[PDB]
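Worksheet: the structure to be examined is printed underneath.
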Amino acid sequence: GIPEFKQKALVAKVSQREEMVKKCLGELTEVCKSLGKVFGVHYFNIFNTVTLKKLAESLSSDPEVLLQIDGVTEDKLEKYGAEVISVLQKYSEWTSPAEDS
């Protein structure tokens with residue numbers, strides 16, 4: 001009934017997100033490695049190249065969204081999700097407008 005338009009805090013469109021998704025690729029790398037040394041598995045064992053880019057290109061920390069990722073499964077989102085998403089939560093705040101707390 002009462003839709004919201006004109007956003008809240010306008011600022012850039014196709015520029016800040018590009019640099020945000022890239023950072024996700026790096027940050028996720030760390031968490032991934034840390035997860036391997038603990039789960040007795042290799043870095044690549046956590047997420048594949050296609051996965052790392054996915055979590056970034058989207059920049060959204062979601063369980064269902066990250067599940068549809070290439071290579072990611074219910075076991076990866078339930079085990080690593082708690083970690084990988086821990087680093088993606090930040091993007092969820094950067095992707096959406098406004099920033100209150």
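Just remember, in the structure tokens the first chain shown is A, the second B, etc., residues are 1-based per chain, and ligands are 1-based in the order shown.
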
Secondary structure check, helix (DSSP H, G or I) residues of chain A, as a PyMOL selection string: chain A and resi 16-38+43-46+49-58+63-67+74-79+81-95

For range 87-96 of chain A: contacts at 12 Å, only C-alpha atoms, fewer than 2 positions along chain excluded, given as number ranges by chain: A: 7-32, 52, 54-63, 65-66, 80-85, 98-101

One-decimal distance in Å that lies between CA of residue 72 in chain A and CA of residue 97 in chain A: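 Computing the Euclidean distance for CA of residue 97 in chain A and CA of residue 72 in chain A yields 27.9 Å.
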